[PDB]
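Chemist: Structure in structure tokens, see below.
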Amino acid sequence: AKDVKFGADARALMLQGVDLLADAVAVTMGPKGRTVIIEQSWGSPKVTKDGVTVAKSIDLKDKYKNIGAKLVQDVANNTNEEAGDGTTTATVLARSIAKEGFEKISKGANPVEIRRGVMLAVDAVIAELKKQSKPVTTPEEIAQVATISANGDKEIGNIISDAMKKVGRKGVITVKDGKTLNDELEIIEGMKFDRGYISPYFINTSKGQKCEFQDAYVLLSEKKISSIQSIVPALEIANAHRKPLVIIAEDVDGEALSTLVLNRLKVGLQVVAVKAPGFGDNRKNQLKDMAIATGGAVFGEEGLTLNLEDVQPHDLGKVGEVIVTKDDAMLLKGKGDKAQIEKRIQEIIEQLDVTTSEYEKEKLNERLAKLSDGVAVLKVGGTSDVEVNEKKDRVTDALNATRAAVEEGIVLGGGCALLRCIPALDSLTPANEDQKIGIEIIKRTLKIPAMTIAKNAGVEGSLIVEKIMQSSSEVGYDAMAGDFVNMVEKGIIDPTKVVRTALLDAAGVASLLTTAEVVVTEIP
Amino acid sequence: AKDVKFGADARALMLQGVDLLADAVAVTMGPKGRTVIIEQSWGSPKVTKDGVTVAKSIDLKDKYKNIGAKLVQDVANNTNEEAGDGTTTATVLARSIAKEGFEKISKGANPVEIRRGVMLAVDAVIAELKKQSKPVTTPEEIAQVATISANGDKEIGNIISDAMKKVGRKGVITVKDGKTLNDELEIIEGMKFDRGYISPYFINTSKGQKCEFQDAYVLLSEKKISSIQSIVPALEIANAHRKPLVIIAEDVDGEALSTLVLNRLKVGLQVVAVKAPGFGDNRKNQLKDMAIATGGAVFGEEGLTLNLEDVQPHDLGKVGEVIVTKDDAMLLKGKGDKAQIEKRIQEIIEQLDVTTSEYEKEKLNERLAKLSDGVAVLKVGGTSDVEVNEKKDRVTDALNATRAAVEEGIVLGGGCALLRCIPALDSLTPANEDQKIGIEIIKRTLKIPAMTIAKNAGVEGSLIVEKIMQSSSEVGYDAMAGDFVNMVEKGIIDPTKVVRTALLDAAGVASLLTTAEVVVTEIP
Amino acid sequence: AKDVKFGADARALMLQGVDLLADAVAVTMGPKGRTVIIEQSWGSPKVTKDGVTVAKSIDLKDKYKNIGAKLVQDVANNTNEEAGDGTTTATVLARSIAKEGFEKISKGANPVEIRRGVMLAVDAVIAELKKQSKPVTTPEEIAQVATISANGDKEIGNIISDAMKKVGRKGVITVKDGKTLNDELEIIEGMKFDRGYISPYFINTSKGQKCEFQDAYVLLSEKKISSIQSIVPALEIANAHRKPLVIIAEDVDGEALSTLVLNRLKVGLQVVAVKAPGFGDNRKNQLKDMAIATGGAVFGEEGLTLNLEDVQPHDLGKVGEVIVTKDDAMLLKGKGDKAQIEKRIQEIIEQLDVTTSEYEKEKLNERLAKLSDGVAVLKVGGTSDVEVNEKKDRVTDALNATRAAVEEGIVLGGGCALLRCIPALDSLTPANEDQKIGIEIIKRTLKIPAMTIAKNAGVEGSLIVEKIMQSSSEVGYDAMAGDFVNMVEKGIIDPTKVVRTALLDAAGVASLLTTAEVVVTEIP
């Protein structure tokens, strides 16, 4: 029996929910963070200090307060999916925009013009941020940024920069445990394609939300798997060939989905279920390209009249491991046959010399790359399944941060970037009156991240923000030390992609909370 | 133990229920709509901005308030079934008539004469609307209306107008995903008949409430399927011929209904269950016409002594796909044999030259069309299962809007059409006194849609309505821009069929709520 | 633990229950009726406007109020079973007699003399009504009454009068769907006998509370079916001959009853269970007459030594369809052999020439008719399973109304008949004092139907009744128009059978409520 609450009532309750969540996440922000003890049903309390687990763990009771929390959770954690940082920045900015917006609307404003002005200011700030971003291109500044991302370490930074030089920034790098003492890298052959899970229960290792495997044979199709009878002679050669074979054909027609959850969940099957890597004419070429690289053929609809129903283990595919993340898949160590690989590379490099549109050119260049070059596996060693299993996580975080930095440059860390985007954009023209109110709201919640990063350390945040504002254009407060230092000298930076994405998601979700206009909730 | 409430008590409670529903739907009306966050039991909140999902999602608790909501839900959503728009307009008009009617009756009126006067005014307004409707016939204005319906887009408008020119307005157009980049159309052979689901669980794809399939063989009868023993040798050649065969004979005698729900629901059968396309002598001819077009014969009662009990896969039917909507069915790609098709077309075109009544003439001309012409499948491409799967929905909405416009013309959009039907019809003669009260009620709730479309944008609705009323006969307010512009110039239109249908359904359901006269409800 | 309430307490509570029911049914009375929204557990509200469904749907909670409602429900709805109309008139008259009776008894009266006087007045009014009834005999006035019963329609009236002329008023007429456009009639061979259901779960089509079938073979006995072992070799030739054979022998000995509910309910058997058509010596002749007409023989106890235990499909019976209503059964299309039919007709017409008593004469004349003449099936067509399936219901209602009118004539409609029986019968002699009180009660609740039919339309009922009372002897108010018109001219009539039956049932149930004298009810 749905319960329906109109206008400012629903907005007030949703804002209380998001207020609780942002209170509990803004604590663990900055370098001088703070612990937060999230109790666990069975076991010891988890003592964490990062803003993603706190947010995932909070979920209130009142249903108009759980909506406020759930909206920001979804938006911020999808920014986290996009790249790793700023799930806290997004949440705190969203709360600070939504609360001030609700306050101004309660004084008789127009919650369409408020949104219009806020989005005007947000787009202006994104432009100014891209104007102030300092890029990172040369393989030396790449090393410097990798070192800074790895908390001053040099070996991790050196190895990351070395791999980036070896495989090109727009390449593939993966991290694996090393059966040695010190770390090394070894370019191998293989590729990855941007298709992920179809079911969150398909994962193999509950650690890290991933699904890892080992040596396997491949089988692909250009047509959707329409039945489970098409999959009965699929696990047939699975246990009958000592290889957990791989099938990545196309979307499985629902029945196979629940069927395979039944036949792996609590049973433990070892096949794969990933979608098709592209669309249309290029997708068929990519399916046959994976087939030719690994050894087999596409079992769809073709002129050779091949069909997957027959269990043919003949020449499926020589792969290494398959690692299906949430939104990516990686086929490693493909050594089907040497002739076909160089042959297809020749074919692609020939068809490149055809002077076609800037869509087909790039869409075939991607196949060229995926078949010519290869991943750069990063074997990280240690003394220990603690030393290694920790240095792996640290180097993975450093790799993600430096790769996110490479694209859009870097800006001042510590939440001072938006603090520099403030003073440039008092040059906005507000049409209405409430557009100016939206601009004021953004100009007031632009110095929230720096304020909370300072207040977590302990010094009063207003004084620090004012000092930074009246400081130079490169001197920003440093919470780890306690004095205002620099960007180039002190080396505390944030990739621009993270700052921009956090600002965009905060603006979007705060607007959706500032003009709600009945919410409808079920009665408990 | 039924609970019984008499007279104005039941009407008051039902009106409170409809007041809540119309409050929650009138928010999302017009171009400058508003979000509404309908929470979901398992998952994230759904943030919607259209008035159909809100209405379907609301259902109250008090049983005399749930009736008020349920009546308007049913009526408005069947207008939505009839054509796509104005489920919000109907609901808001119905609430505005019912509330004012209850108020006038509470001052000692006669709730039969009130209804009589209201229906007088409604019929007058329908007449005036048809008087002011501007038709769309020439293939250029068709393109203009298609573009306007597709939000200014030209390629979608051009393709819609092109298909309409190719297949004739009173033809068949369908939309399918395109395995390419840009869109195209390809007239194929096939037809559709106006028979739908017999069970809402027969659907295949839960998306869009449809039941799609692929290549199949056909089998039809002129006599009802009286048993399930008649259907035991029906799925026999289903799994034994690799074609999910099609059976559209006549109504299945109940036992087969629940049986097939048991044998597909949680099992997954792939046959069809659609009724007969017509009535009597013509229906037999149509059944045999589908049979001759596809390849087989009608398995009913005839002189050739054929019966469906024998599993004869001999010459059933060469069809393409079958797509059973809620209230329509479409048999595509019929290539049974070339001789029989042209032969039967010759037979029909010969029997046309017989000078019969204007019933048999049209009833045979429909068969002539369904066998001579064919559908115009619209292959829409894109870059992507997001680009395509979105452009498909946009082009489907544009197609429905332009087809609904073709029939009865177009009128001024933005809810100004009824605002133009007001001033013409102060020339009504009310017999009683309460007939004049009904006329006043309609003349006051005729400018509700424009008022709410303006108030959603934000400007006070009374001033806008008054300005429009004292404006010209073609200048209407435009909420997307904010200034009064036009109909021909600005290009904001509403098909007449939608406005008229919304008005009729509002009048009907509001009358039924204005003279309720005990309602009987179960005790919880 | 029974709860026992004595005297005026139980009568007061039962009267409150009947007051609620009559309030809710009296609303939907007359031509200008009123809707009543009876909610349904699963689905949309049912918006009805007839007084039978309202009454069947009401059932209160308090057990001394549910008895008051249940008594009038039973009595009125059995009048409805007898003929179709006046389930509302009976209920309203019963409430108006019982309430006034309770009021007079509460002033110290004698609730035996009250009943005596009331029944005196009721019998007087029945006599006066039969005195004023105008018969309908000639085949032209039959057509006029059929047209009036079909709401002015002429084709329905013409077809009804035509069938009545063809088959004789005391004949058989049935209505079936027509596989054509316009309607027609076709006298066929067959008969019906007055025996119905033995179990309300034996029905086949839940629509209309009937049990319809198709071609079948017959088997009858003169002795009761004493076992289910006698029925094991009965469904044997049921599925083994492709005919759902018919067995109408005699009452089945209980075990077969629950057994056949088990073997059809949720299973779906297709045999029949109807009792014997008569009593004794004539019943045996009728059983063998059905046997000779259809083809077989009676499987009871005889000189030929035949018994049903053997499965003999030899010469059972050539029937058409069997349609078992609640209290009737119809065996259609009997073509066993031509010789035996005319032979038995000759035998009956010979034994007619024997000059016997006026009991055997009629009891054999009925067999003569059932074997010589036949039903007149009425094939009604339409454009459509809506046009037909509605015209069928309209023609069925018209047929029932005209047949009920043929027997006892017709009187003024609109509830003015009793209003004409009032003034004639102030010439009654009351013995006691309370007999005069009963007479006054009837003379005051005789003008209740006209008053409520007027008040439903809207004009104050007292003025209309007084105007009619001081009007002529043929001018009665007309609610559809609004002016006093006529009986012969305006053509608004009610069959006398309905008025008389409604009055009798109202009197009976009101008396039973006016002298209750403890009721005993279970504790919840």
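Residues are named by chain letter and number: chains run A, B, ... in the order of the structure tokens, numbers start at 1 in each chain, and ligands are numbered from 1 in the order shown.
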Up to 6 Å from chain A, what residues of chain B turn up? Count only C-alpha atoms and give them as an MDAnalysis selection string.
Modeler: chainID B and resid 35:39 59:61 179 384
Chemist: Got time to write the residues from that selection, N, CA, C and O atoms, as an mmCIF file, in the first residue's frame?
Modeler:
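Contents of part-v3.cif, as written:
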```cif
data_model
loop_
_atom_site.group_PDB
_atom_site.id
_atom_site.type_symbol
_atom_site.label_atom_id
_atom_site.label_comp_id
_atom_site.auth_asym_id
_atom_site.auth_seq_id
_atom_site.Cartn_x
_atom_site.Cartn_y
_atom_site.Cartn_z
ATOM 1 N N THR B 35 10.391 15.382 -11.715
ATOM 2 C CA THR B 35 10.675 14.002 -11.385
ATOM 3 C C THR B 35 9.717 13.526 -10.309
ATOM 4 O O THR B 35 9.004 14.310 -9.694
ATOM 5 N N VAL B 36 9.662 12.214 -10.129
ATOM 6 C CA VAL B 36 8.909 11.606 -9.043
ATOM 7 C C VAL B 36 9.579 10.284 -8.723
ATOM 8 O O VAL B 36 9.749 9.437 -9.601
ATOM 9 N N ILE B 37 9.966 10.092 -7.475
ATOM 10 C CA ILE B 37 10.870 9.019 -7.096
ATOM 11 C C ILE B 37 10.030 7.899 -6.506
ATOM 12 O O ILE B 37 9.699 7.921 -5.324
ATOM 13 N N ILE B 38 9.686 6.907 -7.315
ATOM 14 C CA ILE B 38 8.894 5.782 -6.839
ATOM 15 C C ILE B 38 9.860 4.702 -6.378
ATOM 16 O O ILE B 38 10.546 4.082 -7.186
ATOM 17 N N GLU B 39 9.925 4.488 -5.070
ATOM 18 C CA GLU B 39 10.869 3.524 -4.540
ATOM 19 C C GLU B 39 10.518 2.128 -5.022
ATOM 20 O O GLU B 39 9.375 1.825 -5.362
ATOM 21 N N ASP B 59 -1.170 2.879 -5.438
ATOM 22 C CA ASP B 59 -2.373 2.150 -5.033
ATOM 23 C C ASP B 59 -2.501 2.254 -3.520
ATOM 24 O O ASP B 59 -1.662 1.729 -2.791
ATOM 25 N N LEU B 60 -3.556 2.905 -3.058
ATOM 26 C CA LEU B 60 -3.663 3.307 -1.664
ATOM 27 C C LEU B 60 -4.019 2.115 -0.787
ATOM 28 O O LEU B 60 -3.977 0.958 -1.210
ATOM 29 N N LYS B 61 -4.373 2.401 0.466
ATOM 30 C CA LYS B 61 -4.697 1.380 1.449
ATOM 31 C C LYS B 61 -6.178 1.357 1.800
ATOM 32 O O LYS B 61 -6.810 0.306 1.698
ATOM 33 N N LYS B 179 21.324 -3.805 -37.876
ATOM 34 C CA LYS B 179 22.707 -4.267 -37.786
ATOM 35 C C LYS B 179 23.600 -3.430 -38.703
ATOM 36 O O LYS B 179 24.248 -3.930 -39.620
ATOM 37 N N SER B 384 26.123 0.124 -31.104
ATOM 38 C CA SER B 384 25.839 0.399 -29.708
ATOM 39 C C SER B 384 24.451 -0.088 -29.335
ATOM 40 O O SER B 384 23.477 0.247 -29.998
#
```
Chemist: Considering only strand (DSSP E) as DSSP defines it on the backbone, what residues of segment 295-503 of chain B qualify? List them as a ChimeraX atom specification.
Modeler: /B:322-324,329-332,376-380,410-412,493-495
Chemist: List the spatial neighbours of residue 456 of chain A as JSON, numbers by chain - criterion: any atom at most 10 Å away, only C-alpha atoms, same-chain residues fewer than 2 positions off excluded.
Modeler: {"A": [26, 27, 28, 29, 30, 31, 32, 33, 34, 450, 451, 452, 453, 454, 458, 459, 460, 461, 479]}
Chemist: Generate the output file for the selected residues, N, CA, C and O atoms, as a compact mmCIF listing (two decimals), in the first residue's frame.
Modeler:
```
# COMPACT_ATOMS: atom_id res chain seq x y z
N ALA A 26 32.04 12.04 5.46
CA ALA A 26 32.94 13.19 5.48
C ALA A 26 33.97 13.11 6.58
O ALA A 26 34.93 13.88 6.56
N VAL A 27 33.78 12.23 7.55
CA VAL A 27 34.75 12.06 8.61
C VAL A 27 36.05 11.48 8.06
O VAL A 27 37.14 11.93 8.40
N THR A 28 35.94 10.50 7.18
CA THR A 28 37.10 9.77 6.67
C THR A 28 37.64 10.40 5.39
O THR A 28 37.86 9.70 4.41
N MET A 29 37.89 11.70 5.41
CA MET A 29 38.26 12.43 4.21
C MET A 29 39.59 13.12 4.42
O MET A 29 39.83 13.72 5.48
N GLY A 30 40.46 13.06 3.42
CA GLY A 30 41.75 13.68 3.50
C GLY A 30 42.80 12.71 3.99
O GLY A 30 42.53 11.53 4.22
N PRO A 31 44.04 13.19 4.16
CA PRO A 31 45.09 12.29 4.67
C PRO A 31 44.96 12.03 6.15
O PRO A 31 45.08 10.88 6.59
N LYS A 32 44.71 13.07 6.95
CA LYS A 32 44.47 12.90 8.38
C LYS A 32 43.01 12.52 8.59
O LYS A 32 42.19 13.29 9.09
N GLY A 33 42.69 11.29 8.20
CA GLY A 33 41.31 10.85 8.21
C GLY A 33 40.81 10.55 9.61
O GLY A 33 41.18 11.23 10.56
N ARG A 34 39.97 9.53 9.74
CA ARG A 34 39.49 9.09 11.03
C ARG A 34 38.90 7.71 10.87
O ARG A 34 38.35 7.38 9.82
N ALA A 450 38.13 21.22 0.81
CA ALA A 450 39.30 21.70 1.54
C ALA A 450 38.97 21.93 3.00
O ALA A 450 39.77 21.61 3.89
N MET A 451 37.78 22.47 3.28
CA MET A 451 37.40 22.73 4.65
C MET A 451 37.31 21.44 5.45
O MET A 451 37.78 21.38 6.59
N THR A 452 36.72 20.38 4.88
CA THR A 452 36.62 19.14 5.64
C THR A 452 37.96 18.43 5.75
O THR A 452 38.23 17.80 6.77
N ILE A 453 38.80 18.52 4.72
CA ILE A 453 40.12 17.91 4.83
C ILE A 453 40.95 18.60 5.90
O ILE A 453 41.73 17.96 6.60
N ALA A 454 40.78 19.91 6.06
CA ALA A 454 41.47 20.60 7.14
C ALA A 454 40.87 20.26 8.50
O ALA A 454 41.60 19.99 9.46
N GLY A 458 42.35 18.85 12.07
CA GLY A 458 42.02 19.40 13.37
C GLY A 458 41.97 20.91 13.44
O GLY A 458 41.19 21.47 14.23
N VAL A 459 42.78 21.59 12.63
CA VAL A 459 42.77 23.04 12.64
C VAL A 459 41.47 23.55 12.05
O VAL A 459 40.89 22.92 11.16
N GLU A 460 40.98 24.68 12.57
CA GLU A 460 39.71 25.23 12.11
C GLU A 460 39.75 25.48 10.61
O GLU A 460 40.67 26.12 10.10
N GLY A 461 38.74 24.98 9.90
CA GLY A 461 38.77 24.98 8.45
C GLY A 461 38.57 26.33 7.80
O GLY A 461 39.05 26.54 6.68
N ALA A 479 47.91 18.75 4.84
CA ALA A 479 47.45 18.27 6.13
C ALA A 479 48.43 17.30 6.77
O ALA A 479 48.51 17.23 8.00
```
Chemist: With a distance cut-off of 7 Å and only C-alpha atoms, select the neighbouring residues of segment 399-402 of chain A, excluding the residue or stretch itself and same-chain residues fewer than 6 positions from it, and output the selection as a PyMOL selection string.
Modeler: chain A and resi 145-146+149+160
Chemist: Generate a file of the selected residues that holds N, CA, C and O atoms, formatted as a PDB file, in the first residue's frame.
Modeler:
```pdb
ATOM      1  N   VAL A 145      54.727  11.191 -11.303  1.00  0.00           N
ATOM      2  CA  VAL A 145      53.345  11.056 -10.859  1.00  0.00           C
ATOM      3  C   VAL A 145      53.099   9.672 -10.277  1.00  0.00           C
ATOM      4  O   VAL A 145      52.362   9.523  -9.298  1.00  0.00           O
ATOM      5  N   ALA A 146      53.702   8.638 -10.860  1.00  0.00           N
ATOM      6  CA  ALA A 146      53.555   7.304 -10.291  1.00  0.00           C
ATOM      7  C   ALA A 146      54.152   7.235  -8.892  1.00  0.00           C
ATOM      8  O   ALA A 146      53.546   6.666  -7.978  1.00  0.00           O
ATOM      9  N   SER A 149      51.859   8.985  -6.516  1.00  0.00           N
ATOM     10  CA  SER A 149      50.666   8.192  -6.253  1.00  0.00           C
ATOM     11  C   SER A 149      50.966   7.006  -5.353  1.00  0.00           C
ATOM     12  O   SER A 149      50.079   6.541  -4.630  1.00  0.00           O
ATOM     13  N   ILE A 160      56.005   1.258 -12.700  1.00  0.00           N
ATOM     14  CA  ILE A 160      54.797   1.693 -13.389  1.00  0.00           C
ATOM     15  C   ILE A 160      55.155   2.503 -14.623  1.00  0.00           C
ATOM     16  O   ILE A 160      54.612   2.282 -15.710  1.00  0.00           O
TER      17      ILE A 160
END
```
Chemist: Restricting the calculation to only C-alpha atoms, which member of C:274, C:421, C:499, C:437 is positioned closest to residue 473 of chain C?
Modeler: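 Looking only at the distances to residue 473 of chain C, the closest residue turns out to be C:421.
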Chemist: Tell me, as a ChimeraX atom specification, which residues lie within 9 Å of residue 504 of chain A, counting only C-alpha atoms; anything in the same chain fewer than 6 positions away does not count.
Modeler: /A:90,122-123,126
Chemist: Mind checking which residues fall within 10 Å of residue 260 of chain A, counting only C-alpha atoms, ignoring those fewer than 4 positions away in the same chain, and posting them as a VMD selection string?
Modeler: chain A and resid 199 201 to 202 228 231 254 to 256 264 to 265 267 to 269 271 to 273
Chemist: Restricting the calculation to only C-alpha atoms, which member of C:502, C:181, C:261, C:276 is positioned closest to residue 223 of chain C?
Modeler: C:276
Chemist: Show which residues sit within 9 Å of segment 388-391 of chain B, as a short mmCIF file (atom, residue, chain, number, x, y, z; two decimals) with C-alpha atoms, in the first residue's frame. Count only C-alpha atoms, and ignore same-chain residues fewer than 6 positions away.
Modeler:
```cif
data_model
loop_
_atom_site.label_atom_id
_atom_site.label_comp_id
_atom_site.auth_asym_id
_atom_site.auth_seq_id
_atom_site.Cartn_x
_atom_site.Cartn_y
_atom_site.Cartn_z
CA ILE B 156 13.63 10.26 -38.02
CA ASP B 177 16.97 -3.11 -34.50
CA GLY B 178 19.40 -2.45 -37.34
CA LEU B 181 25.23 2.45 -38.52
CA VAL B 380 17.09 1.67 -37.32
CA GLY B 381 20.83 1.59 -36.72
CA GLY B 382 23.32 3.38 -34.53
#
```
Chemist: Between atom CA of residue 493 of chain C and atom CA of residue 144 of chain C, what is the distance, to one decimal in Å?
Modeler: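 About the pair atom CA of residue 493 of chain C and atom CA of residue 144 of chain C: they are 11.0 Å apart.
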Chemist: Name the residues of segment 71-267 of chain C that come out as alpha helix (DSSP H) in a backbone DSSP run; write them as a ChimeraX atom specification.
Modeler: /C:71-82,87-105,113-132,139-149,155-167,236-239,255-264
Chemist: Report the distance between atom CA of residue 430 of chain C and atom CA of residue 506 of chain C in Å, rounded to one decimal place.
Modeler: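 These atoms are spaced 21.1 Å apart.
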Chemist: Per residue of segment 249-292 of chain C within 12 Å of segment 337-353 of chain C, note the shortest atom pair and the distance in Å to one decimal, counting only C-alpha atoms, and order the rows by chain and increasing residue number, as JSON lines.
Modeler:
```
{"residue": "C:285", "atom": "CA", "partner": "C:348", "partner_atom": "CA", "distance": 10.9}
{"residue": "C:286", "atom": "CA", "partner": "C:344", "partner_atom": "CA", "distance": 11.5}
{"residue": "C:288", "atom": "CA", "partner": "C:344", "partner_atom": "CA", "distance": 10.6}
{"residue": "C:289", "atom": "CA", "partner": "C:344", "partner_atom": "CA", "distance": 8.1}
{"residue": "C:290", "atom": "CA", "partner": "C:341", "partner_atom": "CA", "distance": 10.3}
{"residue": "C:291", "atom": "CA", "partner": "C:340", "partner_atom": "CA", "distance": 10.5}
{"residue": "C:292", "atom": "CA", "partner": "C:340", "partner_atom": "CA", "distance": 6.7}
```
Chemist: Kindly export the residues of the current selection with N, CA and C atoms, as a CSV table (one decimal), in the first residue's frame.
Modeler:
```csv
chain,number,residue,atom,x,y,z
C,285,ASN,N,-42.4,-44.5,-18.7
C,285,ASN,CA,-42.7,-44.3,-20.1
C,285,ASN,C,-41.9,-43.2,-20.7
C,286,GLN,N,-41.6,-42.1,-19.9
C,286,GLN,CA,-40.8,-41.0,-20.4
C,286,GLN,C,-39.4,-41.4,-20.6
C,288,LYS,N,-38.3,-44.5,-21.3
C,288,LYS,CA,-38.2,-45.3,-22.5
C,288,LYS,C,-38.5,-44.4,-23.8
C,289,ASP,N,-39.3,-43.3,-23.6
C,289,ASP,CA,-39.5,-42.4,-24.7
C,289,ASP,C,-38.3,-41.7,-25.1
C,290,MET,N,-37.5,-41.2,-24.2
C,290,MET,CA,-36.3,-40.6,-24.5
C,290,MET,C,-35.4,-41.6,-25.2
C,291,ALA,N,-35.4,-42.8,-24.6
C,291,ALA,CA,-34.5,-43.9,-25.2
C,291,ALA,C,-34.9,-44.2,-26.6
C,292,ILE,N,-36.2,-44.3,-26.9
C,292,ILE,CA,-36.7,-44.6,-28.3
C,292,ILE,C,-36.4,-43.4,-29.2
```
